[PDB]
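Note that we place each Cβ from the backbone using ideal geometry, even for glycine, and neighbour counts take in every protein chain shown. Just so it is clear, none of the values below were taken in a lab; they were calculated from the coordinates.
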Amino acid sequence: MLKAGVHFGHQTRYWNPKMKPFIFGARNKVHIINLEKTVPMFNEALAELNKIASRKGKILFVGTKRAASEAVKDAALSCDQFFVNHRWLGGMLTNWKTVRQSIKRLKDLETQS
RNA sequence: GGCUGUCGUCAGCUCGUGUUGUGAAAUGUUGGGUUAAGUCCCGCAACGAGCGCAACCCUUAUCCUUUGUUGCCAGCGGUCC
Ligand SMILES: [Mg+2]
């Protein structure tokens, strides 16, 4: 029917009660999201995301999780956007005004070697 | 006032921004290694920075350059030696 063979679920008994209205089933202790009803969500964050993206807005991807770090840098910066696949950093957005220094440093430094 | 002793030549002491907490405060600055060292790296709701330790000052250990007088005396002779 749908491309579900590319996955099956994850987790087990740690989960979090916050998720319940969407449970495809339960096996091997690992819970399985009810993609059968997740269909709307599978596009929801895309539709209302289109107007934003199509509006040509700065893209902010985050893949600090080593389990897919570099495996996303491409689909991000290399994809004409931004990212942070490596290791996230505190204050990057909040203490932004401060991080600028460090950021502006990796630039004016490239001219080194 | 200015000056100085004192721990202490100790590696400490802080601050701005962000964030957590009602608040007093905390974080950083804690931690894993490492160093003479807040030394360096790694990690981290922290990001950075200021005073301080590490440098430049002196001086000694070498080698060269030049300058050779009052300093020097090797090859040359002289020589009251
Ligand atoms: Mg230091």
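Under the condition of being away from RNA strand B (no atom under 16 Å from the Cβ) and out of contact with any strand residue (DSSP E or B) (no Cβ under 7 Å at 6 or more places or on another chain), the residues counted in segment A:69-109 number 11. Per the conditions (1) farther than 23 Å from residue A:92 by Cα; (2) not in a loop (DSSP other than H, G, I, E, B), the sole criterion not satisfied by residue A:14 is (2). Reported count of residues in segment A:21-35, each being surrounded by 10 or more Cβ atoms within 10 Å (Cβ to Cβ), part of a loop (DSSP other than H, G, I, E, B) and not aliphatic (A, V, I, L, M), is 4. Evaluate segment A:44-64: report whether one residue or more is away from RNA strand B (no atom under 16 Å from the Cβ), of a type outside the set (A, V, I, L, M) and within 22 Å of residue A:4 (Cβ to Cβ). Taking every residue of segment A:44-64 in turn, at least one turns out to be away from RNA strand B (no atom under 16 Å from the Cβ), of a type outside the set (A, V, I, L, M) and within 22 Å of residue A:4 (Cβ to Cβ). Checking each residue of segment A:66-88 against the condition of being in contact (Cβ under 8 Å) with a residue 12 or more places away in the chain, small (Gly, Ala, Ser) and in contact with a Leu (Cβ under 7 Å, 6 or more places away or on another chain) gives no match.
The residue list A:64, A:94 contains one member that is within 13 Å of the chain's Cα centre (by Cα), in a loop (DSSP other than H, G, I, E, B) and more than 18 Å from residue A:45 (Cβ to Cβ), which is A:64. Once segment A:74-88 is narrowed to residues that are of a type in the set (D, E, K, R) and farther than 15 Å from residue A:58 by Cα, the residue that is surrounded by the most Cβ atoms within 10 Å (Cβ to Cβ) is A:74.
Take the residues in segment A:36-61 that are aliphatic (A, V, I, L, M) and outside any helix (DSSP H, G or I); name whichever of them is surrounded by the most Cβ atoms within 10 Å (Cβ to Cβ). This residue is A:59.
A search for C-beta distances below 9 Å between a residue of segment A:89-108 that is touching a residue at least 40 places away in the same chain (Cβ under 8 Å) and over 15 Å from residue A:62 (Cβ atoms) and any residue that is assigned to a helix (DSSP H, G or I) and within 8 Å of RNA strand B (Cβ to nearest atom), counting only pairs 6+ apart in sequence or on different chains, returns nothing. Within the set of pairs 6+ apart or on separate chains, which have a first residue in segment A:17-38 that is touching a residue at least 12 places away in the same chain (Cβ under 8 Å), a second that is among the basic types (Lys, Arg) and outside any loop (DSSP other than H, G, I, E, B), and C-beta atoms under 6 Å apart? Qualifying pairs under 6 Å: A:22/A:37.
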